[PDB]
């Protein structure tokens, strides 16, 4: 408690010594409360006018239009201590999993140089605005790095002064850039060196890309076993136990020298003990603490969520296969059985899963998995939208399974080659492309964000009639040489000024390991769509009068946007489609 967090607490006290007060009407039950001080401040979702002017039929679809308008009683809940049998299963599995992940990788520190290059091309590193304006500026000033130095030597000394969380089913904890550096220095290797790649982790999909995920689920489907299970956890980040944070910290067992000590400090001082500032309207800032739940950077959060989810799902597989009988207590011979299962079939069982942070798909040995719930519930990973002891419902068809907000279609090209393509309800895709985040967007910057969405649709969602047409319209309406942008950036092959047919060939044919025949595609007309009825099932407006008038009159919409942007060099991409090709 207060020895590890006191100094952070003491320091904040004094920068608002005029305002400090132990409020007696504080709302916190599960968070330790420490005090309050004076503040007054809040970024809402703005419409992208380039995308909206070129998607007129969707102006009357509430599922699209409502997306642009507008639980903190889950961050204030408490998960119970798992039983001794559960704690043993987790410690054995975590020990084995770090060794497997470490067999072909070397833990290492990430560098000021690496951190600097990141900030100078806009990665979402969840920092705050004070002393310098942006992250770009702090990184060039040696004063910052002296602040970083003071904190760093404090961490070597087992103490913390400035690593404090700022709060804002989504809750995002920003820290100052300095704290973020020290986190990246110690733990950035997990992401920078692809510890959760599929090649390295067998269950993971880190760096795959949406073009690969369907083929990965189809490969899992080829395994002998039961249904495919895709159970979502209710508020994953809020169910991370102190026991989970201690098994995650065992990655430090693979480290040495300075790095080992820097990583141990991040886990001890910032993860297993946290200090947070929260805005309360009654407007004060509350300084609250707790030991458990997830609050790291979003990129370290991804890797440790993937790790702990891989661990949880192997244990659920062990329960289904009868490896242990009860979570109350592991016998000595059950430990040896668990250890032996991991050595004998561990890697095979990892290959039966696709895991992306809190999201999983599991094809177990058989359907005993469906009712194997005691370890999963006791670890605190309670399933969303099903009663605690009701058996899981599995999927019989890999094309039905939800994963990373998508499902996947098998689509046969006119030449017999097989594409496995990503898909989701088209209202969600159009509604997201119609939204920008933040202020001071020029017309040019708004156009270049529209072009990013359009090129993503050409690469990932070409099989949806409405999105191929809208993508071609947006790319016709935005000057041909303007570079696609995004303020928060998986593999993003659409972020390029290269011709999209050349990029399509490189991704779906040349690089595709599932595609044996490498014959390039010569035109967009060779590239197939879903069935017309399947396109409608997934939200197409094909067949509506509104959509027919939009498609027929698209050159008028393209010309409206060109007239707003002004006299620039444009390309007509509409004749790449059969119906505009005269």
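Numbering follows the first chain given and starts at 1. Here, rigid core means the biggest group of C-alpha atoms that superpose within 1.5 Å across both forms.
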item	value
Stretch with larger C-alpha RMS deviation in 9 other deposited structures of this protein, core superposed, 233-241 versus 435-443	435-443
Greater root mean square CA deviation, 468-476 compared with 348-356 in 9 other deposited structures of this protein, core aligned	468-476
Other entries lacking residue 43, at least a third	yes
Third-or-more of other entries without residue 508	no
Interresidue gap class [residue 70, residue 71; deposited sequence, unmodelled]	10 or more
Absent coordinates between residue 437 and residue 438 - deposited residues affected, binned into four classes	none
Comparing 526-534 with 22-30, the one whose average Cα B-factor in the PDB entry is higher	22-30
507-515 versus 256-264 - which carries the larger mean C-alpha B factor in the record	256-264
From 217, 288, 240, 449, residue of greatest CA B-factor	288
401, 382, 404, 167, ranked by C-alpha B-factor: the highest one	167
Residue 557 - which third its CA temperature factor falls in, relative to the rest of the chain	lowest
Residue 48 - Cα temperature factor, lowest/middle/highest third of chain	lowest
Chain thirds of CA B-factor: placement of residue 338	middle
CA B-factor placement of residue 571, once the chain's modelled residues are sorted into thirds	middle
B-factor third for the C-alpha atom of residue 357 within its chain	lowest
